[PDB]
$ cat my_file.json   # JSON, C-alpha atoms and all ligand atoms
[["chain", "number", "residue", "atom", "x", "y", "z"],
["A", 1, "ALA", "CA", 113.91, 123.32, 132.61],
["A", 2, "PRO", "CA", 115.39, 120.36, 130.70],
["A", 3, "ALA", "CA", 119.17, 120.35, 130.28],
["A", 4, "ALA", "CA", 118.77, 119.86, 126.53],
["A", 5, "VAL", "CA", 115.92, 120.02, 124.04],
["A", 6, "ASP", "CA", 116.08, 119.24, 120.31],
["A", 7, "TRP", "CA", 112.75, 119.46, 118.48],
["A", 8, "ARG", "CA", 114.21, 117.80, 115.37],
["A", 9, "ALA", "CA", 114.46, 114.64, 117.51],
["A", 10, "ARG", "CA", 110.68, 114.67, 118.03],
["A", 11, "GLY", "CA", 110.07, 114.99, 114.28],
["A", 12, "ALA", "CA", 108.66, 118.50, 114.66],
["A", 13, "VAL", "CA", 110.93, 120.23, 112.11],
["A", 14, "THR", "CA", 110.72, 120.13, 108.31],
["A", 15, "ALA", "CA", 113.76, 119.89, 106.01],
["A", 16, "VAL", "CA", 116.09, 122.84, 105.45],
["A", 17, "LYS", "CA", 114.93, 125.06, 102.58],
["A", 18, "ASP", "CA", 116.54, 127.51, 100.14],
["A", 19, "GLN", "CA", 115.57, 131.19, 99.92],
["A", 20, "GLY", "CA", 117.89, 131.78, 96.97],
["A", 21, "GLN", "CA", 118.71, 135.35, 95.93],
["A", 22, "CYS", "CA", 115.53, 136.67, 97.54],
["A", 23, "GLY", "CA", 115.79, 138.46, 100.90],
["A", 24, "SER", "CA", 112.84, 136.43, 102.22],
["A", 25, "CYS", "CA", 114.46, 135.13, 105.44],
["A", 26, "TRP", "CA", 111.58, 136.66, 107.43],
["A", 27, "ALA", "CA", 109.14, 134.42, 105.55],
["A", 28, "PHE", "CA", 111.16, 131.25, 106.20],
["A", 29, "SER", "CA", 111.46, 132.15, 109.89],
["A", 30, "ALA", "CA", 107.70, 132.77, 110.18],
["A", 31, "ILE", "CA", 106.59, 129.72, 108.17],
["A", 32, "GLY", "CA", 109.14, 127.40, 109.81],
["A", 33, "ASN", "CA", 107.65, 128.40, 113.16],
["A", 34, "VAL", "CA", 104.08, 127.75, 111.96],
["A", 35, "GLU", "CA", 105.16, 124.35, 110.58],
["A", 36, "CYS", "CA", 106.46, 123.28, 114.00],
["A", 37, "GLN", "CA", 103.54, 124.74, 115.97],
["A", 38, "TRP", "CA", 101.03, 123.01, 113.66],
["A", 39, "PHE", "CA", 102.69, 119.61, 114.18],
["A", 40, "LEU", "CA", 102.78, 120.16, 117.96],
["A", 41, "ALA", "CA", 99.05, 120.96, 117.93],
["A", 42, "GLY", "CA", 98.50, 117.34, 116.89],
["A", 43, "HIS", "CA", 98.66, 117.45, 113.10],
["A", 44, "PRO", "CA", 100.99, 115.70, 110.63],
["A", 45, "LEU", "CA", 104.20, 117.57, 109.73],
["A", 46, "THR", "CA", 103.31, 119.63, 106.67],
["A", 47, "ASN", "CA", 105.54, 121.82, 104.50],
["A", 48, "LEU", "CA", 103.94, 125.26, 104.32],
["A", 49, "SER", "CA", 104.28, 128.13, 101.82],
["A", 50, "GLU", "CA", 106.85, 130.90, 102.18],
["A", 51, "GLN", "CA", 105.84, 132.14, 98.71],
["A", 52, "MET", "CA", 102.36, 132.95, 100.03],
["A", 53, "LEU", "CA", 103.94, 135.57, 102.32],
["A", 54, "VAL", "CA", 106.53, 136.87, 99.85],
["A", 55, "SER", "CA", 103.87, 137.42, 97.16],
["A", 56, "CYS", "CA", 100.73, 138.27, 99.16],
["A", 57, "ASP", "CA", 101.85, 139.85, 102.43],
["A", 58, "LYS", "CA", 101.77, 143.55, 101.55],
["A", 59, "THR", "CA", 102.51, 144.71, 105.10],
["A", 60, "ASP", "CA", 106.02, 143.42, 104.31],
["A", 61, "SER", "CA", 108.46, 143.94, 101.42],
["A", 62, "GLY", "CA", 108.96, 140.55, 99.77],
["A", 63, "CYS", "CA", 112.55, 140.04, 98.62],
["A", 64, "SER", "CA", 113.46, 143.38, 100.19],
["A", 65, "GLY", "CA", 112.72, 142.12, 103.70],
["A", 66, "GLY", "CA", 110.01, 141.99, 106.32],
["A", 67, "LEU", "CA", 109.15, 141.18, 109.93],
["A", 68, "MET", "CA", 108.00, 137.82, 111.30],
["A", 69, "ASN", "CA", 105.49, 139.60, 113.55],
["A", 70, "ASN", "CA", 103.98, 141.46, 110.57],
["A", 71, "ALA", "CA", 103.67, 138.13, 108.72],
["A", 72, "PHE", "CA", 101.83, 136.41, 111.60],
["A", 73, "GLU", "CA", 99.43, 139.37, 111.83],
["A", 74, "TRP", "CA", 98.83, 139.38, 108.07],
["A", 75, "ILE", "CA", 97.93, 135.67, 108.03],
["A", 76, "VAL", "CA", 95.34, 136.25, 110.77],
["A", 77, "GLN", "CA", 93.89, 139.62, 109.72],
["A", 78, "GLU", "CA", 94.15, 139.39, 105.93],
["A", 79, "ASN", "CA", 94.13, 135.70, 105.04],
["A", 80, "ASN", "CA", 91.57, 134.38, 107.57],
["A", 81, "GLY", "CA", 94.35, 132.69, 109.54],
["A", 82, "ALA", "CA", 95.12, 130.40, 106.59],
["A", 83, "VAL", "CA", 98.59, 129.18, 105.59],
["A", 84, "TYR", "CA", 98.83, 127.26, 102.29],
["A", 85, "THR", "CA", 100.80, 124.05, 101.74],
["A", 86, "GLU", "CA", 104.13, 124.38, 99.95],
["A", 87, "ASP", "CA", 103.16, 121.97, 97.16],
["A", 88, "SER", "CA", 100.07, 124.06, 96.34],
["A", 89, "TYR", "CA", 101.97, 127.37, 96.39],
["A", 90, "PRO", "CA", 105.64, 126.47, 95.54],
["A", 91, "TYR", "CA", 108.59, 128.79, 96.12],
["A", 92, "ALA", "CA", 109.36, 130.80, 92.96],
["A", 93, "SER", "CA", 111.43, 133.74, 94.23],
["A", 94, "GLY", "CA", 114.86, 132.09, 94.18],
["A", 95, "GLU", "CA", 115.99, 134.32, 91.29],
["A", 96, "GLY", "CA", 115.44, 137.49, 93.30],
["A", 97, "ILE", "CA", 112.03, 138.44, 91.94],
["A", 98, "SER", "CA", 108.70, 137.63, 93.57],
["A", 99, "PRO", "CA", 105.79, 136.80, 91.21],
["A", 100, "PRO", "CA", 102.33, 138.41, 91.74],
["A", 101, "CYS", "CA", 99.97, 137.11, 94.43],
["A", 102, "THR", "CA", 97.49, 134.44, 93.32],
["A", 103, "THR", "CA", 94.41, 134.13, 95.55],
["A", 104, "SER", "CA", 93.18, 130.75, 94.27],
["A", 105, "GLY", "CA", 94.36, 127.29, 93.30],
["A", 106, "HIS", "CA", 95.92, 126.66, 96.72],
["A", 107, "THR", "CA", 95.23, 124.25, 99.57],
["A", 108, "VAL", "CA", 95.12, 125.30, 103.23],
["A", 109, "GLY", "CA", 97.80, 123.42, 105.15],
["A", 110, "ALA", "CA", 97.51, 125.09, 108.54],
["A", 111, "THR", "CA", 95.74, 127.87, 110.42],
["A", 112, "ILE", "CA", 96.79, 130.16, 113.27],
["A", 113, "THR", "CA", 94.78, 132.41, 115.60],
["A", 114, "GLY", "CA", 97.49, 134.89, 116.56],
["A", 115, "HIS", "CA", 101.03, 135.18, 117.90],
["A", 116, "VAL", "CA", 102.93, 135.91, 121.10],
["A", 117, "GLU", "CA", 106.11, 137.90, 121.66],
["A", 118, "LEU", "CA", 108.59, 136.30, 124.06],
["A", 119, "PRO", "CA", 110.67, 138.27, 126.62],
["A", 120, "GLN", "CA", 114.15, 139.49, 125.75],
["A", 121, "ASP", "CA", 115.74, 136.89, 128.01],
["A", 122, "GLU", "CA", 117.47, 133.71, 126.79],
["A", 123, "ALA", "CA", 116.62, 131.69, 129.92],
["A", 124, "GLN", "CA", 112.94, 132.66, 129.55],
["A", 125, "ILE", "CA", 112.94, 131.89, 125.82],
["A", 126, "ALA", "CA", 114.55, 128.51, 126.53],
["A", 127, "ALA", "CA", 111.94, 127.68, 129.17],
["A", 128, "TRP", "CA", 109.15, 128.56, 126.72],
["A", 129, "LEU", "CA", 110.74, 126.60, 123.85],
["A", 130, "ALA", "CA", 111.30, 123.50, 125.99],
["A", 131, "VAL", "CA", 107.54, 123.19, 126.44],
["A", 132, "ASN", "CA", 105.86, 125.06, 123.56],
["A", 133, "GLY", "CA", 108.24, 124.42, 120.65],
["A", 134, "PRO", "CA", 110.47, 126.22, 118.08],
["A", 135, "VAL", "CA", 110.66, 130.01, 118.20],
["A", 136, "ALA", "CA", 111.07, 132.55, 115.40],
["A", 137, "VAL", "CA", 113.96, 134.88, 116.20],
["A", 138, "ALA", "CA", 115.83, 137.71, 114.50],
["A", 139, "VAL", "CA", 119.63, 137.82, 114.67],
["A", 140, "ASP", "CA", 122.67, 139.69, 113.37],
["A", 141, "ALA", "CA", 123.93, 137.29, 110.71],
["A", 142, "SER", "CA", 126.76, 139.44, 109.37],
["A", 143, "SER", "CA", 129.30, 136.93, 110.73],
["A", 144, "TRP", "CA", 127.36, 133.96, 109.33],
["A", 145, "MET", "CA", 128.71, 134.01, 105.78],
["A", 146, "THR", "CA", 132.01, 132.42, 106.87],
["A", 147, "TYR", "CA", 130.48, 129.89, 109.29],
["A", 148, "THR", "CA", 131.41, 126.27, 108.49],
["A", 149, "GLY", "CA", 130.69, 124.36, 111.69],
["A", 150, "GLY", "CA", 131.08, 124.01, 115.44],
["A", 151, "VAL", "CA", 129.72, 126.20, 118.24],
["A", 152, "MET", "CA", 130.14, 129.89, 117.40],
["A", 153, "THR", "CA", 131.58, 131.36, 120.60],
["A", 154, "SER", "CA", 132.02, 134.85, 119.12],
["A", 155, "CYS", "CA", 129.38, 136.61, 117.02],
["A", 156, "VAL", "CA", 129.11, 140.19, 115.75],
["A", 157, "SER", "CA", 126.09, 141.45, 117.71],
["A", 158, "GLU", "CA", 125.27, 144.92, 116.40],
["A", 159, "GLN", "CA", 122.27, 145.03, 114.06],
["A", 160, "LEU", "CA", 119.38, 142.61, 113.41],
["A", 161, "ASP", "CA", 119.19, 141.76, 109.70],
["A", 162, "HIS", "CA", 118.10, 138.13, 109.47],
["A", 163, "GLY", "CA", 115.20, 135.91, 110.53],
["A", 164, "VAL", "CA", 115.76, 132.30, 111.67],
["A", 165, "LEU", "CA", 114.22, 129.48, 113.75],
["A", 166, "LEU", "CA", 115.33, 128.25, 117.20],
["A", 167, "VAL", "CA", 114.78, 124.48, 117.32],
["A", 168, "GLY", "CA", 116.60, 123.61, 120.53],
["A", 169, "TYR", "CA", 119.43, 124.09, 123.01],
["A", 170, "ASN", "CA", 121.94, 122.18, 125.14],
["A", 171, "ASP", "CA", 123.06, 123.45, 128.55],
["A", 172, "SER", "CA", 125.06, 120.27, 129.21],
["A", 173, "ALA", "CA", 127.81, 120.81, 126.61],
["A", 174, "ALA", "CA", 131.21, 122.38, 127.37],
["A", 175, "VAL", "CA", 129.74, 125.61, 126.01],
["A", 176, "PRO", "CA", 125.91, 125.73, 126.15],
["A", 177, "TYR", "CA", 124.40, 126.51, 122.76],
["A", 178, "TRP", "CA", 121.29, 127.20, 120.69],
["A", 179, "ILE", "CA", 120.41, 125.05, 117.66],
["A", 180, "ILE", "CA", 119.24, 127.26, 114.77],
["A", 181, "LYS", "CA", 117.66, 126.29, 111.47],
["A", 182, "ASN", "CA", 118.79, 128.60, 108.67],
["A", 183, "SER", "CA", 117.36, 128.90, 105.12],
["A", 184, "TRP", "CA", 120.49, 128.80, 102.92],
["A", 185, "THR", "CA", 120.32, 125.09, 101.85],
["A", 186, "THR", "CA", 121.93, 122.13, 103.63],
["A", 187, "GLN", "CA", 125.29, 123.04, 102.06],
["A", 188, "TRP", "CA", 125.77, 125.90, 104.53],
["A", 189, "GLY", "CA", 126.92, 125.24, 108.09],
["A", 190, "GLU", "CA", 126.08, 121.95, 109.79],
["A", 191, "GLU", "CA", 123.65, 120.67, 107.15],
["A", 192, "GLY", "CA", 121.76, 123.96, 107.16],
["A", 193, "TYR", "CA", 121.97, 124.53, 110.91],
["A", 194, "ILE", "CA", 124.16, 126.66, 113.13],
["A", 195, "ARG", "CA", 125.00, 126.46, 116.81],
["A", 196, "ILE", "CA", 125.80, 129.63, 118.72],
["A", 197, "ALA", "CA", 126.81, 130.06, 122.35],
["A", 198, "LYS", "CA", 123.88, 130.45, 124.72],
["A", 199, "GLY", "CA", 123.81, 132.94, 127.59],
["A", 200, "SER", "CA", 125.67, 135.99, 126.27],
["A", 201, "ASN", "CA", 123.13, 137.25, 123.70],
["A", 202, "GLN", "CA", 125.23, 136.05, 120.76],
["A", 203, "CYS", "CA", 124.11, 137.65, 117.49],
["A", 204, "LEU", "CA", 121.41, 139.49, 119.51],
["A", 205, "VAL", "CA", 119.30, 136.30, 119.61],
["A", 206, "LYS", "CA", 117.04, 137.36, 122.53],
["A", 207, "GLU", "CA", 115.99, 140.73, 121.06],
["A", 208, "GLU", "CA", 113.09, 139.71, 118.80],
["A", 209, "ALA", "CA", 111.61, 136.29, 119.62],
["A", 210, "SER", "CA", 108.03, 135.26, 118.84],
["A", 211, "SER", "CA", 105.77, 132.39, 117.89],
["A", 212, "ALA", "CA", 102.45, 131.79, 116.14],
["A", 213, "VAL", "CA", 99.53, 130.36, 118.12],
["A", 214, "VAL", "CA", 97.57, 127.39, 116.77],
["A", 215, "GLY", "CA", 94.07, 126.19, 117.70],
["B", 301, "LIG", "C1", 116.89, 138.24, 105.08],
["B", 301, "LIG", "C2", 118.21, 138.33, 105.24],
["B", 301, "LIG", "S1", 119.35, 137.37, 104.40],
["B", 301, "LIG", "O1", 119.17, 135.95, 104.65],
["B", 301, "LIG", "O2", 119.25, 137.78, 102.99],
["B", 301, "LIG", "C3", 120.88, 137.93, 105.01],
["B", 301, "LIG", "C4", 121.73, 138.68, 104.18],
["B", 301, "LIG", "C5", 123.03, 139.02, 104.60],
["B", 301, "LIG", "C6", 123.49, 138.61, 105.87],
["B", 301, "LIG", "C7", 122.64, 137.89, 106.71],
["B", 301, "LIG", "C8", 121.34, 137.56, 106.29],
["B", 301, "LIG", "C9", 116.27, 139.61, 104.99],
["B", 301, "LIG", "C10", 117.06, 140.46, 103.94],
["B", 301, "LIG", "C11", 116.38, 141.78, 103.57],
["B", 301, "LIG", "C12", 117.19, 142.55, 102.56],
["B", 301, "LIG", "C13", 117.02, 142.31, 101.18],
["B", 301, "LIG", "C14", 117.84, 142.95, 100.24],
["B", 301, "LIG", "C15", 118.84, 143.84, 100.68],
["B", 301, "LIG", "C16", 119.01, 144.09, 102.05],
["B", 301, "LIG", "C17", 118.19, 143.45, 102.99],
["B", 301, "LIG", "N1", 116.22, 140.29, 106.28],
["B", 301, "LIG", "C18", 115.02, 140.74, 106.71],
["B", 301, "LIG", "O3", 113.99, 140.61, 106.02],
["B", 301, "LIG", "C19", 115.01, 141.39, 108.04],
["B", 301, "LIG", "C20", 114.52, 140.37, 109.08],
["B", 301, "LIG", "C21", 114.34, 140.99, 110.44],
["B", 301, "LIG", "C22", 113.27, 140.55, 111.25],
["B", 301, "LIG", "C23", 113.04, 141.16, 112.49],
["B", 301, "LIG", "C24", 113.86, 142.20, 112.94],
["B", 301, "LIG", "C25", 114.94, 142.62, 112.15],
["B", 301, "LIG", "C26", 115.19, 142.01, 110.92],
["B", 301, "LIG", "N2", 114.13, 142.56, 107.92],
["B", 301, "LIG", "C27", 114.54, 143.68, 107.22],
["B", 301, "LIG", "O4", 115.54, 143.64, 106.51],
["B", 301, "LIG", "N3", 113.59, 144.65, 106.99],
["B", 301, "LIG", "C28", 112.53, 144.91, 107.98],
["B", 301, "LIG", "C29", 111.33, 145.52, 107.25],
["B", 301, "LIG", "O5", 111.75, 146.65, 106.47],
["B", 301, "LIG", "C30", 112.69, 146.30, 105.45],
["B", 301, "LIG", "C31", 113.95, 145.82, 106.14]]

$ encode --input "my_file.json" --output "C-alpha cells"
Amino acid sequence: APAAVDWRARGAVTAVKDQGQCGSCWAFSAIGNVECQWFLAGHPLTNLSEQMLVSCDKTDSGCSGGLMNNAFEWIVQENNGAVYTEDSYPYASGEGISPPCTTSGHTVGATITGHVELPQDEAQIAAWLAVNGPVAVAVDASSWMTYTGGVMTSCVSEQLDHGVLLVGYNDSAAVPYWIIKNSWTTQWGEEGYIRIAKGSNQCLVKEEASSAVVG
C-alpha cells in the first residue's frame, strides 16, 4: 500500500556481506531474510551464519549452488529450526571451498518455524513486503556484472541463477524500483545494493519469492 518502503531505514537490515569465490548466493539470500524477519519479530538485529548452510545443508550444493526454499526447510527439519550467529560460525568459503560441517561450538542466534512462498506478482510481493518485511528472491543476474549505479531499466530476463534480498521499493520515483541487497561486497553497485525497475518483471524478480516464518 505505501508509496515507498525501505527496511534499511527501520534498522532491519544487516551490513552487506561478501560471498567471495563461492557460489553461495542462495545462502546469503536465505540468511539475510532470516536476519530481517528475526529483528521484525522483536529481537535485536543479529548477524547470522551463511556458513552453517554452505557446510551443513546437504539438501543443497554448497559453493555449487542451492535453493533458498531448500535452505529454509533444512533449518526446520534437520537443525531443529536453529540458525547460528555469524560470530560463532564465521564465513570460511570465500576461497571457493566449503569446510566440513561442525555440529558443535556454535551459538543459536535465531529460530524459524517454516517458510511461505509468495505469488508470482510484483504488486502482491510489494504489498506483503510493506507489512511483513524483506523477501528472498531469485533473479537473472547475468547483466549484473557491469552494473555500477542508478535504476536498471533494462535487464536480461531469461534464466534464474542468483539469490538476493528485496529490502524495499519506491513507486513515487520517475521510474518505480525495487531496492535489492546483493552479496558481492559494498564495492559493487550502490554500496552493495542495486535498484531495478519495478512492474515489468525485470530480471525475473517475481518468479521465486519467499520468506522464513519466525515465532
Ligand atoms: C549464486 C550465484 S552467483 O552470485 O555466483 C552469480 C554468478 C554469476 C552471475 C550472477 C550470479 C549461485 C551460483 C551457483 C553456481 C556455482 C558455480 C558455478 C555455477 C553456478 N546461484 C545459485 O545457487 C542458484 C540460486 C537460485 C535460487 C532459486 C532459483 C534459481 C536459482 N541456484 C543454482 O545455481 N542451483 C540450484 C540447485 O542446483 C544447483 C544449481

$ atom_distance --input "my_file.json" --atom1 "atom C16 of ligand LIG 301 (chain B)" --atom2 "atom CA of residue 89 of chain A"
24.5 Å

$ atom_distance --input "my_file.json" --atom1 "atom CA of residue 11 of chain A" --atom2 "atom CA of residue 46 of chain A"
11.2 Å

$ residues_near_ligand --input "my_file.json" --ligand "ligand LIG 301 (chain B)" --cutoff "6 Å" --atoms "only C-alpha atoms and all ligand atoms" --output "list in words"
residues 23, 24, 25, 26, 63, 64, 65, 66, 67, 68, 138, 141, 142, 160, 161, 162 and 163 of chain A

$ atom_distance --input "my_file.json" --atom1 "atom CA of residue 172 of chain A" --atom2 "atom CA of residue 128 of chain A"
18.1 Å

$ closest_residue --input "my_file.json" --among "A:191, A:171, A:158, A:18" --to "residue 6 of chain A" --atoms "all atoms listed in the file"
A:171
